[PDB]
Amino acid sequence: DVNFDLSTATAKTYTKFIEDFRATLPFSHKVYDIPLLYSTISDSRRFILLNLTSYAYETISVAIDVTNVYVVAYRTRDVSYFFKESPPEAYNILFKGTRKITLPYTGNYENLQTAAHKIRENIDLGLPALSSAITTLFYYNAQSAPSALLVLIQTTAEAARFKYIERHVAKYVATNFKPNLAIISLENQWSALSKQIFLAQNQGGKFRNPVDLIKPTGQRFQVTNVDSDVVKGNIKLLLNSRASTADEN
C-alpha cells in the first residue's frame, strides 16, 4: 500500500508519500495532462489502502476509492469503521475478518463537520496534527473521531488533489496551521474544476462556466481557462467524468 510513517517523516518523505499516492491511482488518460480518474473500475481495482503510522507507532490503514479519491473506511487493529452511505462493494472486499462498524455520518465535509461541531477552518492541519488524528482514530471514540477525520483527509486526499495543499503541509512539519481560505476554496471546488477542465477540451481551452475561488487574504477572483495558474501547475487529479458532470459543476 502507500506507506507513510510519521516517526521518520520530513517535508521530503511527506511529498514522496503524496507523490507515490498520486501514482497508485488508476486513471484512463491525462486530460490537459492532469490524469483523469475512472468512473467505472473492476471492483478488484476499486480501492487502494494508505498505511499510516504515528510518532508513537499506532498503525491505521485507511481505504481510498480510486474513482474519486474519497476515503471510504478505515481499519484500526481489527475493527473497521465505514462512512454511512459507502459503496456496498467497499463493505465486501475490504478489511475481511474485522468487526465492521458504520460511522453515524457520511464522509462528506458538511456531515463530518456537523458530527464535529467544528468547521475545518478551525482545525489545525500540519504533520504533527496528522500524527494525532491517527492516535485518536486508532483509539476510536465517537467524540474524537469526526475532527480527526477532517485532519486525515485534507492532509492526504486533498494534498494529492492539489499541489497548493500538498505544499502547505510540507511546510509544517514541527508545527500546525489553519486553512487560509484558498485551501478551503480549492477543497470546495475540485469537481467544478474537474467538470470544466473536462468540458474545456471541446472549446479548446476555455471553461463553459467560471469557477470562483478566494485568495488567502479574502479576495474573490475567478478562473475561466486551463491557462490560469490554478489549473496550470496546481491540480493533479481530475474527478471522473460521470461524477463531475451529473452535478452542474
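Residue numbers run from 1 along the displayed sequence.
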| query | finding |
| --- | --- |
| Comparing 18-26 with 228-236, the one whose average Cα B-factor in the PDB entry is higher | 228-236 |
| 65-73 set against 215-223, stretch whose average Cα temperature factor tops the other in the entry | 215-223 |
| Highest-ranked of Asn188, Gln196, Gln203, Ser54 once sorted by CA temperature factor in the record | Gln203 |
| Which of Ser131, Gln113, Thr155, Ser86 ranks first by CA B-factor in the deposited coordinates | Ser86 |
| Within-chain third of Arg99 by Cα B-factor, per the entry | lowest |
| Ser241 CA temperature factor, ranked by third within the chain | highest |
| CA B-factor ranking of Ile41, expressed as a third of its chain | highest |
| CA B-factor ranking of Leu49, expressed as a third of its chain | lowest |
| Third of the chain, ranked by Cα B-factor, where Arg161 sits | lowest |
